[PDB]
file final_4.pdb (PDB, C-alpha atoms)
ATOM      1  CA  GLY A   1     -31.020 -37.841  48.498  1.00  0.00           C
ATOM      2  CA  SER A   2     -31.675 -41.547  48.999  1.00  0.00           C
ATOM      3  CA  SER A   3     -34.985 -40.757  50.698  1.00  0.00           C
ATOM      4  CA  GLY A   4     -37.665 -38.968  48.701  1.00  0.00           C
ATOM      5  CA  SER A   5     -38.386 -38.634  44.989  1.00  0.00           C
ATOM      6  CA  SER A   6     -35.758 -40.973  43.542  1.00  0.00           C
ATOM      7  CA  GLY A   7     -33.699 -39.371  40.791  1.00  0.00           C
ATOM      8  CA  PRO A   8     -30.029 -38.359  41.101  1.00  0.00           C
ATOM      9  CA  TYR A   9     -28.353 -35.568  39.134  1.00  0.00           C
ATOM     10  CA  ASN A  10     -25.597 -35.719  36.516  1.00  0.00           C
ATOM     11  CA  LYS A  11     -24.884 -32.112  35.536  1.00  0.00           C
ATOM     12  CA  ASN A  12     -21.782 -30.592  37.128  1.00  0.00           C
ATOM     13  CA  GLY A  13     -23.452 -27.311  38.038  1.00  0.00           C
ATOM     14  CA  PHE A  14     -22.933 -25.119  34.982  1.00  0.00           C
ATOM     15  CA  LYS A  15     -25.780 -23.121  33.442  1.00  0.00           C
ATOM     16  CA  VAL A  16     -26.781 -21.428  30.186  1.00  0.00           C
ATOM     17  CA  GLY A  17     -25.909 -17.740  30.258  1.00  0.00           C
ATOM     18  CA  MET A  18     -22.741 -17.729  32.350  1.00  0.00           C
ATOM     19  CA  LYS A  19     -19.579 -16.581  30.574  1.00  0.00           C
ATOM     20  CA  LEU A  20     -16.105 -18.047  31.079  1.00  0.00           C
ATOM     21  CA  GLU A  21     -12.623 -18.465  29.607  1.00  0.00           C
ATOM     22  CA  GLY A  22     -11.245 -21.569  27.921  1.00  0.00           C
ATOM     23  CA  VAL A  23      -8.397 -22.858  25.766  1.00  0.00           C
ATOM     24  CA  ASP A  24      -8.241 -23.113  21.975  1.00  0.00           C
ATOM     25  CA  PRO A  25      -7.685 -26.481  20.244  1.00  0.00           C
ATOM     26  CA  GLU A  26      -5.132 -24.784  17.993  1.00  0.00           C
ATOM     27  CA  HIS A  27      -2.991 -23.788  20.976  1.00  0.00           C
ATOM     28  CA  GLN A  28      -2.729 -24.670  24.667  1.00  0.00           C
ATOM     29  CA  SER A  29      -1.490 -21.161  25.462  1.00  0.00           C
ATOM     30  CA  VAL A  30      -4.198 -19.053  23.824  1.00  0.00           C
ATOM     31  CA  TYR A  31      -7.195 -18.239  26.018  1.00  0.00           C
ATOM     32  CA  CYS A  32     -10.467 -17.228  24.364  1.00  0.00           C
ATOM     33  CA  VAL A  33     -13.819 -16.212  25.845  1.00  0.00           C
ATOM     34  CA  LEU A  34     -16.730 -18.647  25.605  1.00  0.00           C
ATOM     35  CA  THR A  35     -20.395 -18.763  26.620  1.00  0.00           C
ATOM     36  CA  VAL A  36     -22.442 -21.735  27.818  1.00  0.00           C
ATOM     37  CA  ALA A  37     -24.496 -22.969  24.865  1.00  0.00           C
ATOM     38  CA  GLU A  38     -25.742 -26.208  26.422  1.00  0.00           C
ATOM     39  CA  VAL A  39     -25.420 -28.449  29.478  1.00  0.00           C
ATOM     40  CA  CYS A  40     -25.542 -32.237  29.798  1.00  0.00           C
ATOM     41  CA  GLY A  41     -23.766 -35.228  31.305  1.00  0.00           C
ATOM     42  CA  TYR A  42     -20.392 -34.576  32.917  1.00  0.00           C
ATOM     43  CA  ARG A  43     -19.588 -31.975  30.263  1.00  0.00           C
ATOM     44  CA  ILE A  44     -20.609 -28.510  29.070  1.00  0.00           C
ATOM     45  CA  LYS A  45     -21.090 -26.859  25.679  1.00  0.00           C
ATOM     46  CA  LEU A  46     -18.623 -24.066  24.914  1.00  0.00           C
ATOM     47  CA  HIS A  47     -19.419 -21.455  22.263  1.00  0.00           C
ATOM     48  CA  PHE A  48     -17.066 -18.929  20.666  1.00  0.00           C
ATOM     49  CA  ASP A  49     -18.373 -15.397  21.201  1.00  0.00           C
ATOM     50  CA  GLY A  50     -18.755 -13.999  17.697  1.00  0.00           C
ATOM     51  CA  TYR A  51     -18.054 -17.261  15.887  1.00  0.00           C
ATOM     52  CA  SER A  52     -20.616 -19.795  14.668  1.00  0.00           C
ATOM     53  CA  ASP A  53     -22.194 -22.425  16.916  1.00  0.00           C
ATOM     54  CA  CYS A  54     -21.057 -25.254  14.641  1.00  0.00           C
ATOM     55  CA  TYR A  55     -17.608 -24.363  15.970  1.00  0.00           C
ATOM     56  CA  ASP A  56     -18.631 -25.315  19.507  1.00  0.00           C
ATOM     57  CA  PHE A  57     -16.871 -27.960  21.597  1.00  0.00           C
ATOM     58  CA  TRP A  58     -17.624 -29.682  24.904  1.00  0.00           C
ATOM     59  CA  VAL A  59     -15.095 -29.412  27.732  1.00  0.00           C
ATOM     60  CA  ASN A  60     -14.659 -31.275  31.019  1.00  0.00           C
ATOM     61  CA  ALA A  61     -17.000 -29.953  33.709  1.00  0.00           C
ATOM     62  CA  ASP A  62     -13.918 -30.133  35.931  1.00  0.00           C
ATOM     63  CA  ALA A  63     -11.300 -28.938  33.445  1.00  0.00           C
ATOM     64  CA  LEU A  64      -8.229 -26.921  34.429  1.00  0.00           C
ATOM     65  CA  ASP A  65      -7.812 -24.860  31.260  1.00  0.00           C
ATOM     66  CA  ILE A  66     -11.272 -23.353  31.725  1.00  0.00           C
ATOM     67  CA  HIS A  67     -11.563 -20.505  34.230  1.00  0.00           C
ATOM     68  CA  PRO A  68     -14.134 -17.945  35.450  1.00  0.00           C
ATOM     69  CA  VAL A  69     -14.245 -14.352  34.207  1.00  0.00           C
ATOM     70  CA  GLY A  70     -11.402 -12.139  35.387  1.00  0.00           C
ATOM     71  CA  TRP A  71      -9.062 -15.116  35.657  1.00  0.00           C
ATOM     72  CA  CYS A  72      -6.294 -14.329  33.169  1.00  0.00           C
ATOM     73  CA  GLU A  73      -5.505 -11.096  35.012  1.00  0.00           C
ATOM     74  CA  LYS A  74      -5.751 -12.898  38.353  1.00  0.00           C
ATOM     75  CA  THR A  75      -2.867 -15.241  37.537  1.00  0.00           C
ATOM     76  CA  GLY A  76      -0.965 -12.913  35.227  1.00  0.00           C
ATOM     77  CA  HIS A  77      -1.808 -13.671  31.603  1.00  0.00           C
ATOM     78  CA  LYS A  78      -3.219 -11.734  28.649  1.00  0.00           C
ATOM     79  CA  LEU A  79      -6.709 -12.784  27.560  1.00  0.00           C
ATOM     80  CA  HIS A  80      -7.500 -12.765  23.838  1.00  0.00           C
ATOM     81  CA  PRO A  81     -10.602 -10.964  22.504  1.00  0.00           C
ATOM     82  CA  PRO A  82     -13.341 -12.647  20.427  1.00  0.00           C
ATOM     83  CA  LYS A  83     -13.808 -12.464  16.656  1.00  0.00           C
ATOM     84  CA  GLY A  84     -13.290  -8.867  15.577  1.00  0.00           C
ATOM     85  CA  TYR A  85     -12.395  -7.583  19.037  1.00  0.00           C
ATOM     86  CA  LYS A  86      -9.289  -6.052  20.609  1.00  0.00           C
ATOM     87  CA  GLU A  87      -7.809  -6.897  24.011  1.00  0.00           C
ATOM     88  CA  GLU A  88      -7.677  -3.231  25.017  1.00  0.00           C
ATOM     89  CA  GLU A  89     -11.227  -2.652  23.779  1.00  0.00           C
ATOM     90  CA  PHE A  90     -12.862  -5.856  25.015  1.00  0.00           C
ATOM     91  CA  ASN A  91     -14.156  -4.933  28.472  1.00  0.00           C
ATOM     92  CA  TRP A  92     -15.765  -7.819  30.355  1.00  0.00           C
ATOM     93  CA  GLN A  93     -17.751  -5.578  32.701  1.00  0.00           C
ATOM     94  CA  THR A  94     -18.881  -3.582  29.668  1.00  0.00           C
ATOM     95  CA  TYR A  95     -20.007  -6.808  28.002  1.00  0.00           C
ATOM     96  CA  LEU A  96     -21.493  -8.066  31.270  1.00  0.00           C
ATOM     97  CA  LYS A  97     -23.565  -4.903  31.680  1.00  0.00           C
ATOM     98  CA  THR A  98     -25.011  -4.869  28.162  1.00  0.00           C
ATOM     99  CA  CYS A  99     -26.015  -8.535  28.300  1.00  0.00           C
ATOM    100  CA  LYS A 100     -27.057  -8.266  31.949  1.00  0.00           C
ATOM    101  CA  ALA A 101     -24.975 -11.422  32.357  1.00  0.00           C
ATOM    102  CA  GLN A 102     -23.120 -12.503  35.496  1.00  0.00           C
ATOM    103  CA  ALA A 103     -19.691 -14.122  35.205  1.00  0.00           C
ATOM    104  CA  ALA A 104     -19.739 -17.799  36.176  1.00  0.00           C
ATOM    105  CA  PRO A 105     -19.195 -18.539  39.891  1.00  0.00           C
ATOM    106  CA  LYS A 106     -15.840 -19.710  41.247  1.00  0.00           C
ATOM    107  CA  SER A 107     -17.624 -22.681  42.815  1.00  0.00           C
ATOM    108  CA  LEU A 108     -17.719 -24.304  39.376  1.00  0.00           C
ATOM    109  CA  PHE A 109     -13.917 -24.245  39.292  1.00  0.00           C
ATOM    110  CA  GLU A 110     -13.308 -25.291  42.898  1.00  0.00           C
ATOM    111  CA  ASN A 111     -11.217 -28.222  41.668  1.00  0.00           C
ATOM    112  CA  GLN A 112      -7.768 -26.682  41.224  1.00  0.00           C
ATOM    113  CA  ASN A 113      -6.313 -24.584  44.044  1.00  0.00           C
ATOM    114  CA  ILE A 114      -3.114 -23.756  45.926  1.00  0.00           C
ATOM    115  CA  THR A 115      -1.938 -25.531  49.077  1.00  0.00           C
ATOM    116  CA  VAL A 116      -1.400 -23.577  52.295  1.00  0.00           C
ATOM    117  CA  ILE A 117       2.168 -22.571  53.142  1.00  0.00           C
ATOM    118  CA  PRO A 118       4.175 -24.626  55.671  1.00  0.00           C
ATOM    119  CA  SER A 119       4.266 -21.484  57.814  1.00  0.00           C
ATOM    120  CA  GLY A 120       8.006 -21.033  57.381  1.00  0.00           C
ATOM    121  CA  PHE A 121       9.338 -18.460  54.929  1.00  0.00           C
ATOM    122  CA  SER A 122       7.487 -15.328  53.817  1.00  0.00           C
ATOM    123  CA  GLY A 123       8.201 -13.274  50.712  1.00  0.00           C
ATOM    124  CA  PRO A 124       7.321  -9.593  50.193  1.00  0.00           C
ATOM    125  CA  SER A 125       4.753  -8.256  47.726  1.00  0.00           C
ATOM    126  CA  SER A 126       6.274  -6.389  44.781  1.00  0.00           C
ATOM    127  CA  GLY A 127       4.165  -3.703  43.134  1.00  0.00           C
TER     128      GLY A 127
END
call {"tool": "encode", "arguments": {"input": "final_4.pdb", "output": "C-alpha cells"}}
result
Amino acid sequence: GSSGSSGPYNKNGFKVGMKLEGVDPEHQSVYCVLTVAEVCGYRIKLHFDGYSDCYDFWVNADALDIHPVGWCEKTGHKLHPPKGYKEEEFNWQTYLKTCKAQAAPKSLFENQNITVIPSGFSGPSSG
C-alpha cells in the first residue's frame, strides 16, 4: 500500500512446505512431483522428492506446466512417482498425512483457466 510502511513485495505467493507437480527438463510430457525448497523474486525453487537438492531448478511463479496436487488426475494424465516410487504405490494423501503437509493452493495457479461456454451447445457426461 502506498500509504504506510513503504516496502512493496516481490514474491508471487508460494511458500516453503507446499507440494506441487512440475515438468522435467528431459521431457515436456513427463510430470514429476516437487517440493518448495526456496522462494525469491518472481520465481520459486523446485526440488525433486527423493533426488538431491543440487538437482533443483527455478520455475516461473506463473508457469503453466506446474500444477497443484491432484492435478494430473483432474485433467486426465498419469503422474510419475519420485525416485524409487511406483505410480500405484505413491499416494499423495498418504504422503501428505505423514509429512503433515498441505497441497499448494489453487490460488497460486489462478493464471490459466477455461473460458465460459457461449451458452449454445451442451454435451453429455460419459462415465
call {"tool": "atom_distance", "arguments": {"input": "final_4.pdb", "atom1": "atom CA of residue A:55", "atom2": "atom CA of residue A:73"}}
result
26.2 Å
call {"tool": "resolve_selection", "arguments": {"input": "final_4.pdb", "expression": "the PyMOL selection byres ((chain A and resi 12-20) around 8)", "output": "VMD selection string"}}
result
chain A and resid 10 to 11 21 to 22 33 to 39 41 to 44 61 to 62 66 to 69 101 to 104 108
call {"tool": "atom_distance", "arguments": {"input": "final_4.pdb", "atom1": "atom CA of residue A:50", "atom2": "atom CA of residue A:99"}}
result
14.0 Å
call {"tool": "residues_around", "arguments": {"input": "final_4.pdb", "residues": "residue A:77", "least_positions_apart": "6", "cutoff": "10 Å", "atoms": "all atoms listed in the file", "output": "PyMOL selection string"}}
result
chain A and resi 29-31+71
call {"tool": "closest_residue", "arguments": {"input": "final_4.pdb", "among": "A:32, A:81, A:60, A:9", "to": "residue A:45", "atoms": "only C-alpha atoms"}}
result
A:60
call {"tool": "closest_residue", "arguments": {"input": "final_4.pdb", "among": "A:75, A:107, A:112, A:93", "to": "residue A:63", "atoms": "only C-alpha atoms"}}
result
A:112
call {"tool": "atom_distance", "arguments": {"input": "final_4.pdb", "atom1": "atom CA of residue A:59", "atom2": "atom CA of residue A:46"}}
result
7.0 Å
call {"tool": "residues_around", "arguments": {"input": "final_4.pdb", "residues": "residue A:83", "least_positions_apart": "4", "cutoff": "9 Å", "atoms": "all atoms listed in the file", "output": "PyMOL selection string"}}
result
chain A and resi 48-51
